[PDB]
Every structure is written in structure tokens, then in C-alpha cells.
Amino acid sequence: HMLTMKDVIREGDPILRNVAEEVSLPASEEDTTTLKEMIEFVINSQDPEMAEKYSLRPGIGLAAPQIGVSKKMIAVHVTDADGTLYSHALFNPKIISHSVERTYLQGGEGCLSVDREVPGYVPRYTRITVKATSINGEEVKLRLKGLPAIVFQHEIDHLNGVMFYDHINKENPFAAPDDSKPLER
């Protein structure tokens, strides 16, 4: 069994606004399988062949709530400008520290759960330290910046019932956030 867009729920579903439940670790086969299918989905969505074979909208991350599972699980598969790949399948991911300084994609953010465009900068912390447990069972401590840090914040926001547009400015989507700068290479 594998995930497709049919499994992705859209905004309006209360689950997207609830706080995902902590995953009991060591993880069960069920939760492991859920997470395995999540990272498979994200990676397949970036392969033209597979994306068409299952009509998948390309994306660089996914949170369990998005597929109807209210548990703390995320999948991230993003490559930065330097060609550095950040591929993670995680249980109970949490930001233990974030920079005061912020950043943002000038073209905004999109979400697989949102069938519409919401223009405006989505302020994000430039640097974050994340602690979680990999699908492989090992605890991990990741220090991210730039695009990878942005994707992690977006996915973890999903686990706390937060949507990307909740961060967009009030009646001035393009105002420069205090102490910040557009995403750098």
C-alpha cells in the first residue's frame, strides 16, 4: 500500500487544527509503516515517472495529520542550492531552539492541504535545532538553516495545528519582517 493525493486531506478537516499525539517509542509496526509510506510519497512526488503514475503533486515534505493520522510524524526530502540533500523520516520532531533572526521565501509558501494560493511572506526562523527519532529508531539532533529549516518549520507547524498562512502579515503580506532577510543562497 502506498499514498496518493486521494489520501491527502484539505483544509477544513478538523484534524489539521488539532495537536498531533506523541508517538510511542520504540515505534510500532503500524507507525513505522505510516512513516515509511510518508517519505516514499515525498520522494516519489519528485520523480516525474512516479508522480504521473500516481498523479502526485510534487512536494518537499509531509506531516502525518495531512494524511489523516494525528500523530507526531514528518517526512522531509529537500535539496538546497548547493545540491545538499536533507532526507528525513521522523517521529516526534521538535524544535528545541531557533534563531531570533528570521527569513522567508520571497515567492511565499504552498501546501498540499491547501487547494489555493495565499500570497505573502511566511516568516521563518533562519536557523533551528531539531531533535527527533529517525524511522531507523535512532534519536537525531539536526541543525538546519535556509530552505531545509523552512520546510521543517512548515511540517512541524502541521503537528501543532498551525497552517502556513497563519504567519502571513495582517493586511500587508509583503511587509519586511522585523530582523530578517529574504532567503539567501
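Note that residue numbering follows the sequence shown and begins at 1.
Averaged over CA atoms, B-factors in the entry run higher in 25-33 than in the other of 25-33 and 127-135. When the two stretches 172-180 and 157-165 are set side by side, the higher mean Cα temperature factor goes to 172-180.
Taking only the listed residues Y121, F152, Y54, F41, the entry reports the highest CA temperature factor at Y54. For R143, the recorded CA temperature factor ranks within the middle third of the chain's modelled residues. In the PDB entry, a CA B factor belonging to the highest third of its chain's modelled residues is recorded for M50.
When all modelled residues of the chain are sorted by CA temperature factor, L112 is found within the middle third. The deposited CA B-factor of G59 belongs to the lowest third of values across its chain. Among all modelled residues in its chain, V78 ranks in the lowest third by Cα B-factor.
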